[PDB]
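Results of the structural survey
Below are the chains, spelled out letter by letter.
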Amino acid sequence: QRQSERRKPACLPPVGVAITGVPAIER
Amino acid sequence: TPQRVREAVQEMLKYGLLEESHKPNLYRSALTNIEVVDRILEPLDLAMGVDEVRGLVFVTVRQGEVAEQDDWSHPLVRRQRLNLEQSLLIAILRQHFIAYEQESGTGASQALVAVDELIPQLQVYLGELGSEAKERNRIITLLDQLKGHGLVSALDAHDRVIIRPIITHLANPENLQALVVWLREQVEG
Amino acid sequence: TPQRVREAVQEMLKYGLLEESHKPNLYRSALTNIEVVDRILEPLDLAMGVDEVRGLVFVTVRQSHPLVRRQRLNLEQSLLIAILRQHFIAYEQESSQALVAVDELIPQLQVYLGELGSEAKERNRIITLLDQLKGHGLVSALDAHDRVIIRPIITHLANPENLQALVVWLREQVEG
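Reading guide: rules and limits
Residues numbered from 1 in each chain as written, not as in the entry; some residues may be left out. Chains lettered and ligands numbered in written order. Part of a larger assembly, values for the part shown. Heavy atoms only, no water. Core = buried A, V, L, I, M, F, W, Y, C linked by side-chain atoms within 4.5 Å. Buried < 20%, exposed > 50% of the residue type's maximum accessible area, 1.4 Å probe, protein only. Contact = heavy atoms within 4.5 Å. Pairing = 2+ DSSP bridges. Helix = DSSP H or I, 4+ residues; strand = E, 2+ residues; numbered from the N terminus. Axes fitted to C-alpha atoms, helices over the stretch in contact; angles between N-to-C directions. Buried area = accessible area lost by both parts, 1.4 Å probe. Nonpolar A, V, L, I, M, F, W, Y, C, P; charged D, E, K, R; others polar. Salt bridge = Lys/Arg side-chain N within 4 Å of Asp/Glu carboxyl O. Polar contact = N/O pair within 3.5 Å; in protein donor to acceptor, adjacent residues only side chain to side chain.

Per the deposited record, the coordinates in this entry were obtained by cryo-EM to a resolution of 2.95 Å.

The name that the PDB entry assigns to chain C is JetB, with the source organism given as Pseudomonas aeruginosa PA14.

In the annotation of the PDB entry, chain B is listed under the name JetB and assigned to Pseudomonas aeruginosa PA14.

Rendered as structure tokens:
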């Protein structure tokens, strides 16, 4: 019932990591 | 460096995973060059995970010598972390995926779940709201948040979602054991 | 693989640009290991470009790329890009960092897009355009005295094809 606990970060590793969108060089 | 290997590596880095049922050629190319792909991904602190039974190839953070690197401070990781609510929904979806995968034989199909099946099981834990529209909004928002991690799809015209097989490598027994230990520590004090 | 080389490569891939003034250690590590960086970025169809005049390290598509998205910018952004480029050229011809005041660009924008009739409207338009260019990482944060810093990357803003397109569009806008 508390929003503080519902948004508390859990422990689960990043799986299927996509690249950070782009190398930040649009051109 | 062969053209096919580069193409497959770039595609996998772009999307995060390769599935045999959608991109068979790239999957075959990346499956037969494990050493080359590992050498390519070593400078970026990334590794490739394989699953031949389900026909899946995904990308994970390479494990370093440091005892705790937290795996989320890697520069190339762009998503946010997972909170308790999303972990609970992921556990429910994993149970549904177990049920789907148990009663299946040879052939290709997909794991489809309707929202009305998900609502009461989440009501058991979270609670109950007054109207039905409130609960529908809550479930839709949670599923939209989970779509950003690549675990589900967008809602269909018949109000259903598809559970992606990648979840079977997010809620594998090791990660589940670690999560259970952490949650037990959190609850008891 | 040495740790500093990997750190520099990952930082460059995350941001796309490296400046000696900001991260001297990464700049030194990347500049002294050109062949290693080229070998690392070869499978990704990327290459490293060096400008030791300003200490700028950038990434070019060696050869429309799976990892890179192409974008197109409106006239309201194109003319501001031209103004910033010519201001930086004027600043570097004077011989650090090019400082441009907010009020300086207001007449230059008004003589091409007309006058909105309100100071607040001009300020909001300038702020929105500056934020949009901040999204592309072309200028630095706004200073206290309503000033911005032009980054050296404006020198390598694009190939001469885009410079010709920019000057043609600017001339057409001046024609009105």
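Our next topic: the nonpolar core. Of all hydrophobic cores here, the largest spans 38 residues; its most connected members are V9, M12, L13 and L41 of chain B together with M12 and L44 of chain C. With near-sequence residues (within four places) excluded, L41 of chain B lies in contact with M12, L13, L46, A47 and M48 of chain B.

All names here are of chain B. Strands sit in the order β1-β3-β2 across an open sheet of three strands; the sheet is antiparallel. The two strands at the open ends of the sheet, each matched to only one other strand, are β1 (17–19) and β2 (46–51). Each neighbouring strand pair of the sheet contributes to a mean axis angle of 20 degrees, computed without reference to strand direction. In this structure, β1 lies alongside strand β3 (residues 56–61), joined through three bridges in antiparallel fashion. By the bridge assignment for β3, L18 is matched with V57. Contacts from helix α1 (residues 3–15) reach β1, β2 and β3, with the element oriented near 110 degrees to β1.

Contacts between the two partners involve 14 residues from chain B and, on the opposite side, 14 residues from chain C. The junction of chain B with chain C conceals about 1,500 Å² of combined surface from both sides, 58% of it contributed by carbon and sulfur atoms. Per-residue buried area on chain B facing chain C is highest for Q10, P43 and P75 of chain B; these three make up 37% of the total on that side. When residues in the side of chain B that touches chain C are grouped by element, the largest group, five residues, is from α1 of chain B. Classifying every residue of the side of chain B that touches chain C gives seven nonpolar, three polar and four charged.

The next subject is the environment of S78 of chain C. All names here are of chain C. Along the chain, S78 falls in helix α4 (residues 75–93). A relative accessible area of 12% means that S78 is categorised as buried. Taking the C-alpha atoms as reference points, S78 and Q93, 15 residues apart in sequence, are found 22 Å from one another. Apart from residues lying up to four places away in sequence, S78 is in contact with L166 and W169.

Residue and element names in this part refer to chain C. The strand order β1-β3-β2 describes an open sheet built from three strands, whose pairing is antiparallel. Looking at which strands have only one partner, the edges of the open sheet turn out to be β1 (17–19) and β2 (47–51). Here the average twist between neighbouring strands, direction ignored, is 20 degrees. The sheet contact formed by β1 and strand β3 (residues 56–60) spans three bridges and is antiparallel. Residue pairing across strands places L17 opposite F58, the latter belonging to β3.

Turning next to unusual backbone geometry. Note on backbone geometry: most residues besides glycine have negative phi, and most peptide bonds are trans. The phi angle at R27 of chain A is positive, at roughly 50 degrees, despite the residue not being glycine. As for its position among the elements, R27 of chain A is in the segment after α1 (3–6). Phi at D71 of chain B is positive, roughly 60 degrees, even though this residue is not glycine. Among the secondary structure elements, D71 of chain B is positioned in the loop between β3 and α4 (84–102).

On to the environment of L118 of chain B, then. All names here are of chain B. With respect to the helices and strands, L118 occurs in helix α5 (residues 115–126). Judged by its relative accessible area of 2%, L118 is buried. Once the C-alpha coordinates of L118 and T168 are considered, the two residues, 50 residues apart in sequence, prove to be 19 Å apart.

Let us look at the interface of chain B and chain A. Between chain B and chain A, the contact holds 28 residues from the first and 18 residues from the second. Interface area, chain B with chain A, both sides summed: about 2,300 Å², of which 64% is carbon and sulfur. Across the contact surface, chain B and chain A share zero salt bridges. At the junction of chain B with chain A, the criterion picks out eight residue pairs in polar contact. The set of elements that each furnish at least two residues to the side of chain B that touches chain A consists of α1, β3, α4 and α7 (173–187) of chain B. The dominant element in the side of chain B that touches chain A, judged by the number of residues it contributes, is α7 of chain B, at five residues.

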